[PDB]
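Just the one chain here, the form deposited in one PDB entry, laid out as structure tokens.
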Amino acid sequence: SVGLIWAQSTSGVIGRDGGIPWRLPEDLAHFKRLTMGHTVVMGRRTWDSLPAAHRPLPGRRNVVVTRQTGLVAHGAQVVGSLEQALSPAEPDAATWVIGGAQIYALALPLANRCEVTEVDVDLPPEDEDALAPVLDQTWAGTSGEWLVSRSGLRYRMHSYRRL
């Protein structure tokens, strides 16, 4: 089955300036816990956004979606479409689409689960910000309690499944 996983500010921002515009260690831990041992599918800009020690994401099968036919991505599998990414030669019990905004929009109709971290950080969207998908009435969810990060931000985790 196919899930999306993302972290967003309350305003809906997921990315800015080729990175993530807040620091939330508990979300990094949540992301690793859900994805370790499994397949992670990402757009090429997200692959390029990964910090050095996380490119590729260790312990996960990294799959990068690009239109660049000749692209080499050391440590990842390069495919030419989201459908290809979700049609592996070797099946995985759990495939996670891990961003970014362009790929989330393509994957949402193919997914049955979304794992969302909401971050209470004031970020009025800027024009080039990458934004989260919005889940419509075909999705229903459950919300964890609001927690405080050791680094100061309030955050909570939501779990949605297709109705």
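Between two forms, the rigid core is the largest collection of C-alphas that superpose within 1.5 Å. Just count from 1 along the sequence shown to find any residue number.
In what follows, reference is made to the form deposited in another entry, a form of this protein that is not presented.
Chemist: Does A73 shift between this form and the one not shown by 2 angstroms or more at the C-alpha, the core having been superposed?
Modeler: Yes, the C-alpha moves 2 Å or more.
Chemist: Verify the C-alpha shift of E83 between this form and the one not shown: is it 2 Å or more after superposing the core?
Modeler: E83: C-alpha displaced by less than 2 Å between this form and the one not shown.
Chemist: Once you account for a change of 3 Å or more, let me know if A73 and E83 sit closer or farther in the other form, using their C-alpha atoms.
Modeler: Result: farther.
Chemist: Versus the form shown, are the CA atoms of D48 and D92 closer or farther apart in the other form, given a shift of 3 angstroms or more?
Modeler: They are farther apart; the C-alpha distance rises by 3 Å or more in the other form.
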